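Visitor: Quick one: structure below, then a few questions.
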Amino acid sequence: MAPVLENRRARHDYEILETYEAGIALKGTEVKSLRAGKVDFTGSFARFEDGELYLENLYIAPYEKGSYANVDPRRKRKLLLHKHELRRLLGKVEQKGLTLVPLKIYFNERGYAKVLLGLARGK
């Protein structure tokens, strides 16, 4: 029914310039919180270590309505990007006024989650 998180920022706010395809795996219960998780997709960021794609400004909230000093959700963070995918999509946002967000995170109990990056050029 509800897909783990959705790409609102680019389909809703911007046309995407550079993108990447990552595979984010889940733990066993990650699928209830992940498939039943709500993350803020947009105004989000991902970090490119030319080998790893870390969740950076993408917070995952499965159901922590009552947040405190720092409540951990479950996603944990650290999306996985084929490094060729991380440097190619992210290399375009570095221009000026561009962001990097895994607009769409799809998840499956097979440890297979699909992450789509959308680099939006605001200029």
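All residue names refer to the structure tokens as shown: chains lettered A, B, ... in order, residues numbered from 1 in each chain, ligands numbered from 1 in order.
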List the neighbours of segment 89-106 of chain A out to 10 Å using only C-alpha atoms; skip same-chain residues closer than 4 positions along the sequence, and give me the result as a PyMOL selection string.
Guide: chain A and resi 3-11+16-24+34-35+39-50+53+55-58+79+84-85+112-123
Visitor: Could you write out, as number ranges by chain, all the residues of chain A that DSSP marks as strand (DSSP E or B)?
Guide: A: 16, 21-23, 38-39, 46-48, 53-55, 60-61, 81, 98-99, 104-106, 114-116, 120-121
Visitor: Using only C-alpha atoms, pick whichever of A:109, A:32, A:25, A:38 has the shortest atom-to-atom distance to residue 78 of chain A.
Guide: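 For residue 78 of chain A, the nearest of the candidates is A:25.
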Visitor: Name the closest residue to residue 88 of chain A among the candidates A:36, A:51, A:66, A:15; distances are taken between atoms, counting only C-alpha atoms.
Guide: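 For residue 88 of chain A, the nearest of the candidates is A:51.
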Visitor: Using DSSP on the backbone coordinates, identify the residues of segment 7-108 of chain A assigned to helix (DSSP H, G or I); present them as a count of residues only.
Guide: 23
Visitor: Could you jot down the atom CA of residue 72 of chain A to atom CA of residue 60 of chain A separation for me, Å, one decimal place?
Guide: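 Atom CA of residue 72 of chain A sits 8.4 Å away from atom CA of residue 60 of chain A.
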Visitor: Pick out the residues sitting within 12 Å of residue 70 of chain A, and hand them over as JSON, numbers by chain; count only C-alpha atoms, and ignore anything fewer than 4 positions along from it in its own chain.
Guide: {"A": [59, 61, 64, 66]}
Visitor: Between A:26, A:86, A:31, A:1, single out the one closest to residue 62 of chain A, counting only C-alpha atoms.
Guide: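 Of A:26, A:86, A:31, A:1, the one nearest residue 62 of chain A is A:31, counting only C-alpha atoms.
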